[PDB]
Amino acid sequence: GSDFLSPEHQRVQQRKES
Ligand SMILES: *NCCCCCCCC
């Protein structure tokens with residue numbers, strides 16, 4: 001179904017690497 005795709009990442013409230 002509807003998806004952009006990636007083998008990585010998670011929509012956390014913050015980022016400190018990406
Ligand atoms: N269609 C959303 C799920 C797949 C992409 C986002 C998570 C990838 C680790």
# chains A, B, ... in the order shown; residues from 1 in each chain; ligands from 1
$ residues_near_ligand --ligand "ligand 1" --cutoff "6 Å" --atoms "only C-alpha atoms and all ligand atoms" --output "list in words"
residues 3, 4, 5, 6, 7, 8 and 9 of chain A
$ write_last_selection --atoms "N, CA and C atoms" --output "mmCIF file, in the first residue's frame"
data_model
loop_
_atom_site.group_PDB
_atom_site.id
_atom_site.type_symbol
_atom_site.label_atom_id
_atom_site.label_comp_id
_atom_site.auth_asym_id
_atom_site.auth_seq_id
_atom_site.Cartn_x
_atom_site.Cartn_y
_atom_site.Cartn_z
ATOM 1 N N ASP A 3 3.401 3.881 0.849
ATOM 2 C CA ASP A 3 4.697 3.852 1.514
ATOM 3 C C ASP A 3 5.763 4.324 0.514
ATOM 4 N N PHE A 4 6.707 5.102 1.029
ATOM 5 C CA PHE A 4 7.844 5.700 0.342
ATOM 6 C C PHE A 4 9.082 4.798 0.314
ATOM 7 N N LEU A 5 9.262 4.010 1.381
ATOM 8 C CA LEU A 5 10.269 2.978 1.634
ATOM 9 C C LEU A 5 11.606 3.513 2.139
ATOM 10 N N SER A 6 12.215 2.716 3.010
ATOM 11 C CA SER A 6 13.544 2.893 3.586
ATOM 12 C C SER A 6 13.924 1.636 4.386
ATOM 13 N N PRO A 7 15.204 1.218 4.421
ATOM 14 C CA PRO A 7 15.686 0.181 5.330
ATOM 15 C C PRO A 7 16.136 0.733 6.690
ATOM 16 N N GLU A 8 15.880 2.016 6.943
ATOM 17 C CA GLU A 8 16.339 2.771 8.110
ATOM 18 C C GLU A 8 15.309 3.797 8.584
ATOM 19 N N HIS A 9 15.474 4.212 9.844
ATOM 20 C CA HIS A 9 14.863 5.370 10.506
ATOM 21 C C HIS A 9 13.491 5.124 11.140
#
$ decode --residues "chain A" --atoms "C-alpha atoms" --output "tab-separated table (two decimals), in the first residue's frame"
chain	number	residue	atom	x	y	z
A	1	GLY	CA	0.00	0.00	0.00
A	2	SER	CA	1.01	3.66	0.44
A	3	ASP	CA	4.70	3.85	1.51
A	4	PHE	CA	7.84	5.70	0.34
A	5	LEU	CA	10.27	2.98	1.63
A	6	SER	CA	13.54	2.89	3.59
A	7	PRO	CA	15.69	0.18	5.33
A	8	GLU	CA	16.34	2.77	8.11
A	9	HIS	CA	14.86	5.37	10.51
A	10	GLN	CA	11.98	5.93	12.93
A	11	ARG	CA	9.96	9.16	13.45
A	12	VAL	CA	11.18	9.90	17.02
A	13	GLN	CA	10.36	13.30	18.66
A	14	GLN	CA	14.07	14.28	18.06
A	15	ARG	CA	17.23	13.43	16.03
A	16	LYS	CA	20.95	13.40	17.09
A	17	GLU	CA	22.68	11.45	14.21
A	18	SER	CA	20.46	11.92	11.09
